[PDB]
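Starting off, we have a lone chain in the form deposited in one PDB entry, written out as C-alpha cells.
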C-alpha cells in the first residue's frame, strides 16, 4: 500500500505514520489493522465497513477524544482503544456483535452509560484500567455472561454494585487494585471460584461491614495477588485496613459484631 505496509490472514500496519485520518483504499481483505500511534482526534467505525474480514482493530495512542459508532463490523473480535482521551464509552453492541476483547484502558472515562454493553454477548475480556470511574451503572455485566477477565484497576471507584458479578460463571481474573474502595457488598463474590483477584491499594474500612470480605479473603488467600508490571505468588496480606497500621483485613476479628 502507498501509505501502510501490508503483510500476508492479512495484517496492515498504518501505525506511527502521522495519520490524521483513515487512509483510503486499504486492502479489501485486511484482517488486522494497526492504526496505533497517529493523530486521529475523532474516528468513526462505519468508515471500516468495506473491510468485511476485519477481526482486529487497534486505535491505541491516537489522541482520540470522540468515537462515533454506526454501521456493522460483523466479525471484529478485538478492539483496542487504550491510551486515548475518550470521556465517554459509546454503545458498541449493535455494531460489534462478535467482539470478545475490548480495551479502553488509560483513557479519561468519567462514567459508563446505562445499558453500555448490550449486545456484546461474546465479550470475554474488558479492560478499563487507568480511567476516571467513580461508580458503575447497575447491571453493567448482565449482557456479558461469558466474561473471563475484568480490569477496573487504577480508577477512583468508591463503591461496587452488589450484583456486579452476577451471572459470570467463567470469571477468572478481577483487577480492582488502586481505587478508593472502603468496603465490599455482602455476597459480592457469590460462589465464584476466582483464581486471580487483585485488591490492594484501596482504603478498606475495617468495621463490622468488612466481615463478609474478611471471611472471603480467609477462604481465598491463595487467590489474592499483588500487581507487578510484567507477567506469581499470592499475598492476601496485601489487602489492608486503612484505619490501622497496615493491619491485614483477613485477620480482622470484628469483635462484638452481629453475626
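Just so we're on the same page, rigid core means the largest C-alpha set that superposes within 1.5 Å between forms. Numbering follows the first chain given and starts at 1.
Here the subject shifts to the form solved in complex with a partner chain, a form of this protein not shown in this document.
In the bound PDB entry, none of the heavy atoms of residue 64 sits within 4.5 Å of a heavy atom of its partner chain. Although the partner is absent here, residue 211 lies within 4.5 Å of its partner chain in the bound PDB entry, judged by heavy atoms.
For the chain shown alone, residue 221 is a contact residue for its partner chain in the bound PDB entry, at least one non-hydrogen atom being within 4.5 angstroms. In the bound PDB entry, at least one heavy atom of residue 215 sits within 4.5 Å of its partner chain. With the core held fixed, residue 243 shows a CA shift of 2 Å or greater between the shown form and the other one. Here's the thing about residue 244 and residue 238: their CA atoms end up at least 3 Å closer in the bound PDB entry than they are in this form.
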